[PDB]
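In the form deposited in one PDB entry, a lone chain appears below as structure tokens.
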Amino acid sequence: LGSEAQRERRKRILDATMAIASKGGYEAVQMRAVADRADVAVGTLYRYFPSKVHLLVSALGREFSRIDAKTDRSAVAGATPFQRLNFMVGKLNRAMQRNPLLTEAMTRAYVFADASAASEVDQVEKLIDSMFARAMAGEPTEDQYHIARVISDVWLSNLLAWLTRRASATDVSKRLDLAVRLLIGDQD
């Protein structure tokens, strides 16, 4: 399904969405402005992404997909599940902390995305869960996927506290370390 022309259009649309959110945050991300920056027809934009929530959640899914594909796992080749999980948690954290305004825009879209964006939210959730489950495992068990979901929930809550300046990066790291210990502490 699809074409090289469609993949090229989608890449430009998401690049434009991220460029606009990096400069002016969630509020700056508007359909007309994104269409103009990506050099795509507004109608074509609406067809692939029916709203700014769809654009931002799709940009977030692409970002997690890139982190997953590009993270060098040789660094923890001889590490324990506890170390591998803390490594991936640390990698996702540093990636989100790099551009606060952009992270804030994608997170806002993700937290309040409606049912019409279920496929885009599921792609995000499955990617983060897969990264944590594979770190704890290789091919994970159903229990490792259930643990991964809990860690993702703790990660999201702490990301929200960090974005709003209610928690420091230090506070976030300590809270995530505690959750990992409570779930798999005996795996080190």
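Sequential numbering from 1, following the sequence displayed. In this text, the rigid core denotes the largest set of C-alpha atoms whose superposition between the two forms falls within 1.5 Å.
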Checking the other compared PDB entries, only those that cover the residues flanking it, does residue 74 lack coordinates in at least one third?
yes
Can you count the deposited residues that have no coordinates between residue 137 and residue 138 and report it as none, 1 to 3, 4 to 9, or 10 or more?
1 to 3
Quick one: higher average CA temperature factor, 125-133 or 23-31?
23-31
Averaging the C-alpha B factors as listed in the entry, name the stretch that ends up higher: 32-40 or 138-146.
32-40
Taking the values straight from the PDB record, which of 74, 99, 107, 83 has the highest C-alpha temperature factor?
74
Using only modelled residues of the chain, where does the Cα B factor of residue 69 rank: lowest third, middle third or highest third?
highest
Where the record places residue 52 (Cα B-factor, split into thirds across the chain):
middle
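Another form, the form deposited in another entry, is not on view; read the next lines as being about it.
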Residue 40: CA shift of at least 2 Å between this form and the one not shown after core fit?
yes
Cα displacement of residue 150 between this form and the one not shown reaching 2 Å, rigid core superposed:
no
Verify the C-alpha shift of residue 51 between this form and the one not shown: is it 2 Å or more after superposing the core?
no
